[PDB]
Amino acid sequence: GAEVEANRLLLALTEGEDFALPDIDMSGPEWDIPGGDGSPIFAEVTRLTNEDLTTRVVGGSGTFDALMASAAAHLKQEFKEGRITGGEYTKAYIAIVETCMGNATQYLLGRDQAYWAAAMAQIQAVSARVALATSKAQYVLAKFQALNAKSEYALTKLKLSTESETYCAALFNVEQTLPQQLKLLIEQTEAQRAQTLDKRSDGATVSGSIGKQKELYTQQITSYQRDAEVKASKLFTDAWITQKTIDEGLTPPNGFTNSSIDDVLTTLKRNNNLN
Amino acid sequence: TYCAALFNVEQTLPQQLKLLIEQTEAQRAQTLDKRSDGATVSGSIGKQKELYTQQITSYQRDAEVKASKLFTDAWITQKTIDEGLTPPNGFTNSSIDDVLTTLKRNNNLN
Amino acid sequence: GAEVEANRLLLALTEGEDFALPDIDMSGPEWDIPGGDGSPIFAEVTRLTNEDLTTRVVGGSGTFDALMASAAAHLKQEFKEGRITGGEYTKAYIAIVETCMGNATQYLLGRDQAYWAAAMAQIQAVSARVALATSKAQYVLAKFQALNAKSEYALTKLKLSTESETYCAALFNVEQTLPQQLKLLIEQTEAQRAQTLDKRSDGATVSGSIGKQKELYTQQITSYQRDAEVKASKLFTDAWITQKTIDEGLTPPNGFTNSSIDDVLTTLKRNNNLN
């Protein structure tokens, strides 16, 4: 069961440093574009034509008409209450066309743009609330990234000691192990050299286990010849023994003289140290 | 890991060096009869040389015995036929007596 | 204990170059947004409507009203102290509406923006104090990054010598080792070639340990035939010996003549060098 150990280790290797993450419930209708799927953003912006400045009729549905028919509706409030005669009212109305036309164009080219700047900013203000929760969630991430650099500080500091032993594990491989392993090769080459040549590389002569092995082989070939001679001579000496038995009189050869037999037994006693 | 490397610089490596300082001499014992430091080859390899040293000596002694039994066989046959023959100096009763003395002391029959 | 060695090595491989880091205690109430959780930043900016320019009433709560009711409150200070009659005061008051209306719009569209620029700059001025401590902590980081390039300079300079030995360890592997290892293969192929063919690749004839091994086998098969003949002929010669014993008179065959026996012993003495 690796699940239990993983949970236990985490709640034990990080004690006290349990920083809480934000818990805002971003699942309501206020975390979308304000107004939902019926917000004024889903309108139908129509192409701005020249029938939006003036509709070429007094009291129209343009901007020039609206401003020019609102100034007249603001001066007729006087004319219909005295305080000005008919002539004065009209003169004021006529001298307004320059102002209304100038201000209608300023409003028209800028009415739509000043709305979207106040509509695409509301969206960029609701998502700022979302972007504020993240800033409260990257704050702990930065906090953990600070305690994740302190651990790496310790890990690097603990790696200095490991490299220190490596040097001590390499001064023992340049001054002690390598000189010794060279000797093992300086002793293993001579063993190969002993099979072909009878003298070592430096000099002297082959001895030891390999040297004694050559002595036994040297004795073996000599023993083979001596054994063959003995068998090849026993046939000859067998005839004399048979001849002596039949005749009953025969002078022994020089090798069978009693003096010759006597000194042979002397050799067989000194070599074997029977004395 | 550090504790697994302080045990590989202070204990394991010094010991493994000794194993090489004992394994080089075994190679050195095959060619030379003296160890690198000195002294002489002994132990299992040393005793193996002694057995080979005894074997070559035993080969010569065995050959002599076989090569001399042919000679001593003639005297035995000659003595049987003639029925009178002075034994050689090696066949004197004194010579036979001390030979049996050697065969009893070496084998600790006494 | 790797902890002790790591600390000792660090305080010994870097001696004299112990540059001190900043130690400012950024844990008070002055390292947050000024004013704490009650700063004027947490206000409620209301939507700017047309009731903020003028409230359509004299002495209102707008900006046009405030400016237009402060100019009149600055001219009434004269009118109530002589120095102007009632008529002159009103004429001055009336000729100010153009100025107040023009300056009220300038103030309104720019009052709020000129505050946040002086409020989001205070925050960007406290965090500059934090960003100044970091610049005093990256200064040592840059200093260590200069001594970390000098070490790499030495390490690269020490790697030139290593590559120099590699060339010397490769001129010994192109001029000496490879030519020799080719000979070891030129001698190891002939040994394989000696098992199938009796002549080496260059020529000559198979000799040496493998060559002598063939001689022993050649002698062995010959010896097998000769030994078989001797055993197969001893049966025949046994009959003659038995026949001679029973009859007591029988002319020996040509092979049993004394002359034939004599020269056989001559061969047995010259081959074995008994002479």
# chains A, B, ... in the order shown; residues from 1 in each chain; ligands from 1
call {"tool": "closest_atom_pairs", "arguments": {"of": "chain C", "to": "chain B", "cutoff": "10 Å", "atoms": "only C-alpha atoms", "output": "JSON lines"}}
result
{"residue": "C:1", "atom": "CA", "partner": "B:3", "partner_atom": "CA", "distance": 6.6}
{"residue": "C:2", "atom": "CA", "partner": "B:2", "partner_atom": "CA", "distance": 5.5}
{"residue": "C:3", "atom": "CA", "partner": "B:2", "partner_atom": "CA", "distance": 9.1}
{"residue": "C:5", "atom": "CA", "partner": "B:2", "partner_atom": "CA", "distance": 9.7}
call {"tool": "interface_residues", "arguments": {"of": "chain C", "to": "chain A", "cutoff": "9 Å", "atoms": "only C-alpha atoms", "output": "JSON, numbers by chain"}}
result
{"C": [2, 3, 4, 5, 6, 7, 8, 9, 10, 265, 268, 269, 272, 274]}
call {"tool": "write_last_selection", "arguments": {"atoms": "N, CA and C atoms", "output": "mmCIF file, in the first residue's frame"}}
result
data_model
loop_
_atom_site.group_PDB
_atom_site.id
_atom_site.type_symbol
_atom_site.label_atom_id
_atom_site.label_comp_id
_atom_site.auth_asym_id
_atom_site.auth_seq_id
_atom_site.Cartn_x
_atom_site.Cartn_y
_atom_site.Cartn_z
ATOM 1 N N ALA C 2 27.898 13.160 6.746
ATOM 2 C CA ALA C 2 28.178 14.021 5.603
ATOM 3 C C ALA C 2 27.906 15.490 5.896
ATOM 4 N N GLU C 3 27.127 15.781 6.941
ATOM 5 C CA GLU C 3 26.793 17.159 7.277
ATOM 6 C C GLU C 3 28.030 17.963 7.663
ATOM 7 N N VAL C 4 28.883 17.383 8.511
ATOM 8 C CA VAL C 4 30.055 18.100 9.010
ATOM 9 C C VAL C 4 31.032 18.379 7.875
ATOM 10 N N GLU C 5 31.253 17.381 7.017
ATOM 11 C CA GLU C 5 32.208 17.540 5.926
ATOM 12 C C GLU C 5 31.747 18.603 4.937
ATOM 13 N N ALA C 6 30.443 18.650 4.658
ATOM 14 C CA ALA C 6 29.919 19.631 3.715
ATOM 15 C C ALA C 6 30.145 21.052 4.216
ATOM 16 N N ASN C 7 29.850 21.295 5.495
ATOM 17 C CA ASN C 7 30.042 22.623 6.068
ATOM 18 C C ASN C 7 31.515 23.005 6.096
ATOM 19 N N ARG C 8 32.376 22.062 6.484
ATOM 20 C CA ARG C 8 33.805 22.344 6.560
ATOM 21 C C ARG C 8 34.380 22.666 5.186
ATOM 22 N N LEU C 9 33.970 21.909 4.167
ATOM 23 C CA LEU C 9 34.487 22.117 2.819
ATOM 24 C C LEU C 9 34.101 23.491 2.286
ATOM 25 N N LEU C 10 32.854 23.901 2.526
ATOM 26 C CA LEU C 10 32.372 25.177 2.008
ATOM 27 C C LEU C 10 33.124 26.348 2.630
ATOM 28 N N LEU C 265 69.127 -58.988 -32.956
ATOM 29 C CA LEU C 265 69.751 -58.422 -31.765
ATOM 30 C C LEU C 265 70.688 -57.275 -32.116
ATOM 31 N N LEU C 268 68.366 -54.332 -32.401
ATOM 32 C CA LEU C 268 67.926 -53.932 -31.071
ATOM 33 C C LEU C 268 69.021 -53.238 -30.274
ATOM 34 N N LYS C 269 70.282 -53.367 -30.685
ATOM 35 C CA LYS C 269 71.381 -52.701 -30.004
ATOM 36 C C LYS C 269 71.768 -51.373 -30.638
ATOM 37 N N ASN C 272 68.637 -48.710 -30.005
ATOM 38 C CA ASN C 272 68.646 -48.294 -28.610
ATOM 39 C C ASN C 272 70.011 -47.796 -28.152
ATOM 40 N N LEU C 274 72.764 -49.352 -27.504
ATOM 41 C CA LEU C 274 73.373 -50.144 -26.441
ATOM 42 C C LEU C 274 74.878 -50.269 -26.636
#
call {"tool": "residues_around", "arguments": {"residues": "segment 44-46 of chain A", "least_positions_apart": "6", "cutoff": "12 Å", "atoms": "only C-alpha atoms", "output": "list in words"}}
result
residues 52, 111, 112, 113, 115 and 116 of chain A
call {"tool": "write_last_selection", "arguments": {"atoms": "N, CA and C atoms", "output": "PDB file, in the first residue's frame"}}
result
ATOM      1  N   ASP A  52     -27.173  58.524 -40.004  1.00  0.00           N
ATOM      2  CA  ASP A  52     -27.082  58.628 -38.558  1.00  0.00           C
ATOM      3  C   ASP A  52     -26.687  60.013 -38.078  1.00  0.00           C
ATOM      4  N   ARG A 111     -19.387  57.868 -29.997  1.00  0.00           N
ATOM      5  CA  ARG A 111     -20.458  57.311 -29.178  1.00  0.00           C
ATOM      6  C   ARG A 111     -20.286  55.808 -29.004  1.00  0.00           C
ATOM      7  N   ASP A 112     -20.082  55.091 -30.110  1.00  0.00           N
ATOM      8  CA  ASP A 112     -19.947  53.640 -30.048  1.00  0.00           C
ATOM      9  C   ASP A 112     -18.656  53.237 -29.347  1.00  0.00           C
ATOM     10  N   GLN A 113     -17.548  53.895 -29.696  1.00  0.00           N
ATOM     11  CA  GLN A 113     -16.257  53.539 -29.121  1.00  0.00           C
ATOM     12  C   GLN A 113     -16.212  53.765 -27.617  1.00  0.00           C
ATOM     13  N   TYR A 115     -18.648  53.266 -25.643  1.00  0.00           N
ATOM     14  CA  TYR A 115     -19.447  52.244 -24.979  1.00  0.00           C
ATOM     15  C   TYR A 115     -18.662  50.949 -24.820  1.00  0.00           C
ATOM     16  N   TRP A 116     -18.012  50.492 -25.893  1.00  0.00           N
ATOM     17  CA  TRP A 116     -17.244  49.254 -25.820  1.00  0.00           C
ATOM     18  C   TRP A 116     -16.074  49.387 -24.855  1.00  0.00           C
TER      19      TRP A 116
END
call {"tool": "select_by_dssp", "arguments": {"residues": "segment 3-87 of chain B", "states": "helix (DSSP H, G or I)", "output": "PyMOL selection string"}}
result
chain B and resi 3-6+12-31+43-82
call {"tool": "residues_around", "arguments": {"residues": "residue 95 of chain B", "least_positions_apart": "6", "cutoff": "12 Å", "atoms": "only C-alpha atoms", "output": "count of residues only"}}
result
11
call {"tool": "atom_distance", "arguments": {"atom1": "atom CA of residue 92 of chain A", "atom2": "atom CA of residue 51 of chain A"}}
result
26.0 Å
call {"tool": "closest_residue", "arguments": {"among": "A:122, A:63, A:173, A:196", "to": "residue 101 of chain A", "atoms": "only C-alpha atoms"}}
result
A:63
call {"tool": "residues_around", "arguments": {"residues": "residue 40 of chain A", "least_positions_apart": "5", "cutoff": "10 Å", "atoms": "only C-alpha atoms", "output": "PyMOL selection string"}}
result
chain A and resi 34-35+119
call {"tool": "write_last_selection", "arguments": {"atoms": "C-alpha atoms", "output": "short mmCIF file (atom, residue, chain, number, x, y, z; two decimals), in the first residue's frame"}}
result
data_model
loop_
_atom_site.label_atom_id
_atom_site.label_comp_id
_atom_site.auth_asym_id
_atom_site.auth_seq_id
_atom_site.Cartn_x
_atom_site.Cartn_y
_atom_site.Cartn_z
CA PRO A 34 -22.24 40.50 -16.27
CA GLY A 35 -25.87 40.11 -17.29
CA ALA A 119 -18.15 47.23 -21.93
#
call {"tool": "atom_distance", "arguments": {"atom1": "atom CA of residue 217 of chain C", "atom2": "atom CA of residue 197 of chain C"}}
result
16.0 Å
call {"tool": "closest_residue", "arguments": {"among": "A:180, A:50, A:189, A:124", "to": "residue 22 of chain B", "atoms": "only C-alpha atoms"}}
result
A:180
call {"tool": "atom_distance", "arguments": {"atom1": "atom CA of residue 90 of chain C", "atom2": "atom CA of residue 78 of chain C"}}
result
11.7 Å
call {"tool": "residues_around", "arguments": {"residues": "residue 82 of chain B", "least_positions_apart": "3", "cutoff": "9 Å", "atoms": "only C-alpha atoms", "output": "PyMOL selection string"}}
result
(chain A and resi 248-249) or (chain B and resi 77-79+85)
call {"tool": "decode", "arguments": {"residues": "segment 20-44 of chain C", "atoms": "N, CA, C and O atoms", "output": "PDB file, in the first residue's frame"}}
result
ATOM      1  N   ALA C  20      28.498  39.269   2.277  1.00  0.00           N
ATOM      2  CA  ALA C  20      27.305  39.265   3.108  1.00  0.00           C
ATOM      3  C   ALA C  20      26.071  39.659   2.306  1.00  0.00           C
ATOM      4  O   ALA C  20      26.098  40.592   1.498  1.00  0.00           O
ATOM      5  N   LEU C  21      24.987  38.940   2.541  1.00  0.00           N
ATOM      6  CA  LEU C  21      23.692  39.206   1.943  1.00  0.00           C
ATOM      7  C   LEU C  21      22.939  40.245   2.755  1.00  0.00           C
ATOM      8  O   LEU C  21      23.229  40.465   3.935  1.00  0.00           O
ATOM      9  N   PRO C  22      21.958  40.924   2.149  1.00  0.00           N
ATOM     10  CA  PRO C  22      21.145  41.877   2.919  1.00  0.00           C
ATOM     11  C   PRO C  22      20.334  41.187   4.002  1.00  0.00           C
ATOM     12  O   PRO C  22      20.014  40.001   3.887  1.00  0.00           O
ATOM     13  N   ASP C  23      19.999  41.923   5.068  1.00  0.00           N
ATOM     14  CA  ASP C  23      19.282  41.329   6.192  1.00  0.00           C
ATOM     15  C   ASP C  23      18.111  42.192   6.650  1.00  0.00           C
ATOM     16  O   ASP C  23      17.827  42.257   7.852  1.00  0.00           O
ATOM     17  N   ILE C  24      17.427  42.856   5.720  1.00  0.00           N
ATOM     18  CA  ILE C  24      16.308  43.713   6.086  1.00  0.00           C
ATOM     19  C   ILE C  24      15.131  42.853   6.526  1.00  0.00           C
ATOM     20  O   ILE C  24      14.788  41.860   5.872  1.00  0.00           O
ATOM     21  N   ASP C  25      14.510  43.231   7.639  1.00  0.00           N
ATOM     22  CA  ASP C  25      13.385  42.490   8.208  1.00  0.00           C
ATOM     23  C   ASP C  25      12.105  42.991   7.553  1.00  0.00           C
ATOM     24  O   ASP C  25      11.475  43.946   8.011  1.00  0.00           O
ATOM     25  N   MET C  26      11.705  42.328   6.467  1.00  0.00           N
ATOM     26  CA  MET C  26      10.488  42.686   5.739  1.00  0.00           C
ATOM     27  C   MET C  26       9.281  41.938   6.311  1.00  0.00           C
ATOM     28  O   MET C  26       8.616  41.152   5.639  1.00  0.00           O
ATOM     29  N   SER C  27       8.999  42.204   7.589  1.00  0.00           N
ATOM     30  CA  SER C  27       7.894  41.525   8.256  1.00  0.00           C
ATOM     31  C   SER C  27       7.063  42.469   9.120  1.00  0.00           C
ATOM     32  O   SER C  27       6.296  42.000   9.969  1.00  0.00           O
ATOM     33  N   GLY C  28       7.193  43.777   8.933  1.00  0.00           N
ATOM     34  CA  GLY C  28       6.414  44.727   9.688  1.00  0.00           C
ATOM     35  C   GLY C  28       5.168  45.152   8.941  1.00  0.00           C
ATOM     36  O   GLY C  28       4.824  44.596   7.894  1.00  0.00           O
ATOM     37  N   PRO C  29       4.461  46.149   9.469  1.00  0.00           N
ATOM     38  CA  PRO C  29       3.277  46.688   8.778  1.00  0.00           C
ATOM     39  C   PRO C  29       3.583  47.741   7.723  1.00  0.00           C
ATOM     40  O   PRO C  29       2.650  48.190   7.051  1.00  0.00           O
ATOM     41  N   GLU C  30       4.843  48.139   7.568  1.00  0.00           N
ATOM     42  CA  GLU C  30       5.235  49.133   6.580  1.00  0.00           C
ATOM     43  C   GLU C  30       5.652  48.517   5.252  1.00  0.00           C
ATOM     44  O   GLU C  30       5.945  49.258   4.310  1.00  0.00           O
ATOM     45  N   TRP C  31       5.689  47.187   5.154  1.00  0.00           N
ATOM     46  CA  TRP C  31       6.035  46.505   3.913  1.00  0.00           C
ATOM     47  C   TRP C  31       4.802  46.064   3.136  1.00  0.00           C
ATOM     48  O   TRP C  31       4.927  45.391   2.112  1.00  0.00           O
ATOM     49  N   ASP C  32       3.614  46.429   3.607  1.00  0.00           N
ATOM     50  CA  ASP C  32       2.374  46.197   2.888  1.00  0.00           C
ATOM     51  C   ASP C  32       1.955  47.492   2.209  1.00  0.00           C
ATOM     52  O   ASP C  32       2.681  48.490   2.236  1.00  0.00           O
ATOM     53  N   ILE C  33       0.780  47.470   1.589  1.00  0.00           N
ATOM     54  CA  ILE C  33       0.227  48.680   0.989  1.00  0.00           C
ATOM     55  C   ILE C  33       0.037  49.702   2.101  1.00  0.00           C
ATOM     56  O   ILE C  33      -0.534  49.372   3.150  1.00  0.00           O
ATOM     57  N   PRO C  34       0.524  50.936   1.933  1.00  0.00           N
ATOM     58  CA  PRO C  34       0.441  51.923   3.020  1.00  0.00           C
ATOM     59  C   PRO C  34      -0.976  52.134   3.516  1.00  0.00           C
ATOM     60  O   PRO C  34      -1.915  52.223   2.721  1.00  0.00           O
ATOM     61  N   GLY C  35      -1.139  52.220   4.836  1.00  0.00           N
ATOM     62  CA  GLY C  35      -2.430  52.322   5.466  1.00  0.00           C
ATOM     63  C   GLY C  35      -3.031  50.986   5.853  1.00  0.00           C
ATOM     64  O   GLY C  35      -4.059  50.955   6.540  1.00  0.00           O
ATOM     65  N   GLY C  36      -2.417  49.883   5.428  1.00  0.00           N
ATOM     66  CA  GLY C  36      -2.924  48.572   5.781  1.00  0.00           C
ATOM     67  C   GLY C  36      -4.213  48.236   5.048  1.00  0.00           C
ATOM     68  O   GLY C  36      -4.450  48.668   3.919  1.00  0.00           O
ATOM     69  N   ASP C  37      -5.059  47.455   5.715  1.00  0.00           N
ATOM     70  CA  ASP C  37      -6.336  47.029   5.158  1.00  0.00           C
ATOM     71  C   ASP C  37      -7.387  48.128   5.176  1.00  0.00           C
ATOM     72  O   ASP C  37      -8.526  47.889   4.759  1.00  0.00           O
ATOM     73  N   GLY C  38      -7.035  49.324   5.648  1.00  0.00           N
ATOM     74  CA  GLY C  38      -7.939  50.461   5.645  1.00  0.00           C
ATOM     75  C   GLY C  38      -7.492  51.584   4.723  1.00  0.00           C
ATOM     76  O   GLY C  38      -7.935  52.722   4.909  1.00  0.00           O
ATOM     77  N   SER C  39      -6.634  51.302   3.748  1.00  0.00           N
ATOM     78  CA  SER C  39      -6.135  52.338   2.863  1.00  0.00           C
ATOM     79  C   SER C  39      -7.266  52.864   1.980  1.00  0.00           C
ATOM     80  O   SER C  39      -8.246  52.156   1.727  1.00  0.00           O
ATOM     81  N   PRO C  40      -7.161  54.108   1.500  1.00  0.00           N
ATOM     82  CA  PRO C  40      -8.223  54.663   0.649  1.00  0.00           C
ATOM     83  C   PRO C  40      -8.385  53.937  -0.678  1.00  0.00           C
ATOM     84  O   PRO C  40      -9.283  54.270  -1.459  1.00  0.00           O
ATOM     85  N   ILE C  41      -7.528  52.952  -0.954  1.00  0.00           N
ATOM     86  CA  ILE C  41      -7.678  52.183  -2.183  1.00  0.00           C
ATOM     87  C   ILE C  41      -8.962  51.361  -2.154  1.00  0.00           C
ATOM     88  O   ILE C  41      -9.621  51.200  -3.188  1.00  0.00           O
ATOM     89  N   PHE C  42      -9.354  50.847  -0.989  1.00  0.00           N
ATOM     90  CA  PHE C  42     -10.582  50.064  -0.858  1.00  0.00           C
ATOM     91  C   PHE C  42     -11.815  50.940  -0.722  1.00  0.00           C
ATOM     92  O   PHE C  42     -12.614  50.765   0.202  1.00  0.00           O
ATOM     93  N   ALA C  43     -11.995  51.893  -1.632  1.00  0.00           N
ATOM     94  CA  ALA C  43     -13.213  52.691  -1.670  1.00  0.00           C
ATOM     95  C   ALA C  43     -14.200  52.046  -2.629  1.00  0.00           C
ATOM     96  O   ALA C  43     -14.008  50.899  -3.043  1.00  0.00           O
ATOM     97  N   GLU C  44     -15.259  52.765  -2.988  1.00  0.00           N
ATOM     98  CA  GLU C  44     -16.196  52.254  -3.977  1.00  0.00           C
ATOM     99  C   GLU C  44     -16.382  53.266  -5.097  1.00  0.00           C
ATOM    100  O   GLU C  44     -17.242  54.149  -5.006  1.00  0.00           O
TER     101      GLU C  44
END
